[PDB]
Undergrad: 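The structure's right below; bear with me while I get my questions together.
Below, all heavy atoms of this structure are taken into account, side chains as well, without hydrogens, waters or symmetry copies. Order of the sequence lines sets the chain letters (A, B, ...), proteins ahead of strands, with each chain counted from 1.
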Protein chains: 2
Amino acid sequence: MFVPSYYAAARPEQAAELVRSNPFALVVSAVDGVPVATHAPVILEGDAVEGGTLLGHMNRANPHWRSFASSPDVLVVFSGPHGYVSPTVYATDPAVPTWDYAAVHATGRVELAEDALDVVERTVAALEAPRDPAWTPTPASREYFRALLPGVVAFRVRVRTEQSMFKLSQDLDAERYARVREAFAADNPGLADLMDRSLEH
Amino acid sequence: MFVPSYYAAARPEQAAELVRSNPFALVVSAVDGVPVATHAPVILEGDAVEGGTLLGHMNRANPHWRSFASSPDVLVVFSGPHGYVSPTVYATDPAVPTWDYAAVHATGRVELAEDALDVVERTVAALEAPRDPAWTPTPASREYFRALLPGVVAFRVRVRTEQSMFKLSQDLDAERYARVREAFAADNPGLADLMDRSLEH
Ligand code: HEM
Ligand code: HEM
């Protein structure tokens, strides 16, 4: 990822806010020099992505984690709202399309997590906390968790570098910007809100 | 990515339909052994992903493409609808959450494309065609495209291996499946639609 100045994060907290809001991540590593990716829920431990620690888990029958000793460098991609910008919206002639999106790339070294149970239980707490009502695992479900544990592999990423893209049409003049925002306000309200958050002082 | 049999595509063309429906892809390669990703529009050439050819483009100022010169293997991730499955929806005890999603991973050797104009023009046509109305580039926009070309780097991926995940709760019994589908029918109609298409003969 390359981040133009106009699409940099405005506030430092924005990257961590994106990570916490979009936990279903892509875990990417080099298995024998070839990239391999797994879609998995990953949560953030700490106030900031960079220097922070990510926790996740995957299927033990998924062979991706078997590379985590040999190929410890990993990339985790967190994806926020995104949407196509059609020149139809701009209402200008000569025009070119683009795609607006927010994403955070966290690169660090991966390691296997011994306490898999803690990882998945904290993942439950994090995803249920914003829902109403929240699901609280019963004692029977916690017993079920223990029984499922041989089938999971938990892992930790110590994040060395964090890269954040907030490509939200910030470079546009007011007329073309208003039209992009209005078009997303109807189709893609989550993107519209991110646009609004990107202009804050 | 590991795809259990019950989450495999029901029909082979389902993978290509996902790629065409979700062109805003993640292009991943090994820059100095570390995974590096660029979000870019990628389109499919051919009837099938495997054996097919992907076409995409990125910012020339994005140095990622400079690793594509050694013709290294790249991964292109296409991501369809997805959504968290809370045990609240299941309404059963002992339970465990999961995340439902569809994705296609295309792995091959990347090559820089000389005909960048053709790549970006076919990308326009492909992304505009299902919109209503579709944007038809005027002659002035075509000249604008030509003028923009020094800033773009186009590339092609000859796909060697393809993996498609349609993790859409098809392993649930009938009552729990109905509740999951009904819940997404309200929150996430794109995911609901994918579930219906996965059970079609
Ligand atoms: C809290 C939210 C959770 C989400 C969103 C989630 C999601 C997922 C996903 C996407 C996978 C596939 C990983 C892969 O492709 O390798 C997976 C695997 C797995 N997870 Fe979780 N999980 C959650 C909590 C838990 C808990 C509490 C447990 C208890 C042990 C658990 C146990 C498993 C097991 C056994 C597998 C592999 C076998 C299977 O897929 O059923 N998960 N999970
Ligand atoms: C058809 C839909 C299109 C979409 C969704 C799209 C999207 C994008 C995206 C996401 C980037 C950033 C790539 C990166 O981070 O490296 C980019 C860069 C770029 N694209 Fe496209 N593109 C489209 C068509 C075109 C066309 C027709 C041209 C004409 C030459 C073009 C020219 C460029 C240029 C010059 C850049 C450099 C960065 C910039 O100017 O923003 N694109 N495009």
Side-chain angles (χ1 to χ4, degrees), chain A residues 1-10 12 14-23 25-26 28 42 44 46-54 74-85 89-90 96-108 157 159 161-174 176-181 183-185 188-196 198-200, chain B residues 24-29 31-32 34-41 56-67 79 148 150-153:
Chain A
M1 201 166 57
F2 168 68
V3 182
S5 312
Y6 256 125
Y7 309 138
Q14 292 172 316
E17 269 164 45
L18 187 149
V19 169
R20 304 200 192 90
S21 281
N22 303 276
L26 198 74
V28 181
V42 180
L44 175 65
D47 265 339
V49 181
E50 193 161 288
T53 286
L54 306 176
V74 69
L75 155 76
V76 191
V77 172
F78 298 88
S79 299
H82 68 85
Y84 174 56
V85 184
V89 186
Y90 290 144
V96 65
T98 190
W99 209 291
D100 280 6
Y101 73 102
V104 162
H105 290 199
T107 304
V157 185
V159 180
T161 62
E162 80 147 283
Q163 231 176 331
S164 284
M165 175 71 111
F166 285 92
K167 189 180 181 295
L168 305 164
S169 300
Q170 290 94 321
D171 56 306
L172 290 184
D173 54 284
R176 290 187 298 167
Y177 185 88
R179 292 224 206 70
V180 175
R181 202 220 171 242
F184 284 140
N188 203 332
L191 192 48
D193 290 336
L194 215 44
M195 271 162 100
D196 301 337
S198 77
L199 300 205
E200 272 157 8
Chain B
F24 191 48
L26 193 80
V27 182
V28 187
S29 74
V31 169
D32 314 310
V34 53
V36 164
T38 294
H39 309 246
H57 79 273
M58 86 181 42
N59 193 346
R60 168 162 270 257
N62 183 342
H64 189 181
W65 65 266
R66 313 181 115 95
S67 305
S79 300
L148 286 168
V152 92
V153 164

Undergrad: Is the backbone N or O of A:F184 less than 3.5 Å from a side-chain atom of A:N188, with the two atoms forming a donor-acceptor pair by type?
TA: no
Undergrad: B:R60: what forms a side-chain contact (heavy atoms from CB on, under 4.5 Å) with it, not counting sequence neighbours?
TA: B:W65, B:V153
Undergrad: Measure the spacing between OG1 of A:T98 and CG of A:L172 and express it to the nearest 0.5 Å.
TA: 9.0 Å
Undergrad: Ignoring hydrogens, what is the shortest heavy-atom contact between A:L194 and A:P81? Give both atom names and the distance.
TA: CD2-CD, 3.8 Å
Undergrad: So which atom in B:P63 and which in A:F2 form the shortest heavy-atom distance, rounded to 0.1 Å?
TA: CD-CB, 4.2 Å
Undergrad: Mind checking what makes side chain to side chain donor-acceptor pair (under 3.5 Å) contact with A:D171, not counting sequence neighbours?
TA: A:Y7
Undergrad: Can you measure from NE2 (A:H82) to CZ (B:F24) and round to the nearest 0.5 angstrom?
TA: 7.5 Å
Undergrad: Which atom names give the shortest non-hydrogen contact between A:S164 and A:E162, and what distance separates them?
TA: OG-OE1, 3.4 Å
Undergrad: Please test A:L44 against A:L54 for side-chain contact (heavy atoms from CB on, under 4.5 Å), starting from the C-alpha separation and ending with a verdict.
TA: CA-CA 5 Å; A:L44 175 65; A:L54 306 176; 3.6 Å; yes
Undergrad: With B:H64, which residues qualify under ring-ring contact (aromatic ring centres under 6.0 Å, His included), at least two apart?
TA: B:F68
Undergrad: Write down the atom of A:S198, the atom of A:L168, and the distance for their closest heavy-atom approach.
TA: CB-CD1, 3.6 Å
Undergrad: Might you point out which heavy atoms bring A:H105 and B:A37 nearest each other, and give the distance in Å?
TA: CE1-O, 3.4 Å
Undergrad: Please identify each residue that fulfils ring-ring contact (aromatic ring centres under 6.0 Å, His included) with A:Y84, with sequence neighbours left out.
TA: A:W99
Undergrad: Could you give the distance from CD (A:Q163) to OG1 (A:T107), rounded to the nearest 0.5 Å?
TA: 7.5 Å
Undergrad: Under the rule for side chain to side chain donor-acceptor pair (under 3.5 Å), what residues qualify as partners of A:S169, not counting sequence neighbours?
TA: A:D100
Undergrad: Testing B:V31, B:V27, B:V28 for side chain to side chain contact (heavy atoms under 4.5 Å, CB included) with B:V36, which one passes?
TA: B:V31
Undergrad: Which heavy atom of A:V89 sits nearest to which heavy atom of A:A183, and what is that distance?
TA: CG1-CB, 3.6 Å
Undergrad: Can you tell me how far CD of A:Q170 sits from OH of A:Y6, rounded to the nearest 0.5 angstrom?
TA: 9.0 Å
Undergrad: What distance separates A:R181 CZ from A:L191 CG, expressed to the nearest 0.5 Å?
TA: 10.0 Å
Undergrad: Using side chain to side chain donor-acceptor pair (under 3.5 Å) as the criterion, list what pairs up with A:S21, not counting sequence neighbours.
TA: none
